[PDB]
Structures are given as structure tokens and as C-alpha cells.
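Heads up, the chain below is alone and in the form deposited in one PDB entry; it's given as C-alpha cells.
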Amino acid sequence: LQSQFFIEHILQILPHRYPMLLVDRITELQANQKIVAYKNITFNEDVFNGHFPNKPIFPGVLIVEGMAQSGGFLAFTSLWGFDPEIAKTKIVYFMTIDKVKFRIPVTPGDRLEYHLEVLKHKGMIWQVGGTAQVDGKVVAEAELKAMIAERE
């Protein structure tokens, strides 16, 4: 019912944890339709130790990962709403990834904004597409299909 979520609510919905929880705040959310979130990029992240020495560049694949989590938050809330209890036993598997294009490198100090739209969704299978943006510009484009499942 809300459209603005902070790190606290994100931890209660997504199963991801450090160092793979790549969504910091949800700024906009329209159930079954779109979501806008963002992750701040800082030099104080471990992934920078090796990507790359003396040249910090946020991995392209982790940007895709960040987008998937945004969509995963959109998918869970659209299904069961904000129910951490239900969410606490679910995980999220990647099914496919297509048409991803990287236009501008993301670096420390960047506010990487995730913009996801629901292209199609069936039960637990959600297919989203959108872009990663920094200062209003598209730094990345991507389409992906993820499935949420109950931890067996």
C-alpha cells in the first residue's frame, strides 16, 4: 500500500543479505507495474578491492543483480503485500537475462537508481525490464526473469 520503503523494510522482505543485498531504498512502487529504487555506490565496499585495483568500477553484473532485487521486492509485495513473516522463508532464483547493455561506468559516489517495469508475471514467475540510472542518465539497460520460491 506504500510506495516509499527504507532499508529496514527491504531487509524484512528480501532474503538477500551482506554482501549481496544491493538495494538501499525504494522511492516509488506501483503494485504489479513498476518500482523505482536505488543503491548508493561508495568506495567503502569490499567488491572494489578487486574491481579493479586503483580503478574502482561497480561490476556490471552487480548492477543487473541490483535491478533483479528491486523487481523481486516489487514481485513479493504485489503478491502478498508487506508480509515479512511470509517473506522470511522465500528465496529468489534468476531464470533468464536478456538485452542488457552497459552505457556508462558506475563509480564510487554514484547514486545508482533502479527503474523496473513488469513486462509479464505469472504466479511466482516475474519478468521485468528497465534501466539503471545515475544523475538522470541511463547507465544500463536490462531485462530479466526471476522466480520467487519457498525454501524447501
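Definition used throughout: the rigid core is the maximal C-alpha set that superposes within 1.5 Å between two forms. We number the residues from 1 along the sequence you see.
As for the form deposited in another entry, it is not shown, yet the points below apply to it.
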> Which of the listed residues (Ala68, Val92, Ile26, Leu112) moves its Cα by 2 Å or more between this form and the one not shown when the core is kept in place?
Replying inline: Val92
> So with the core overlaid, does the Cα of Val36 end up 2 Å or more away between this form and the one not shown?
Replying inline: no
> Can we say the CA of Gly50 moves by at least 2 Å between this form and the one not shown when the core is superposed?
Replying inline: no
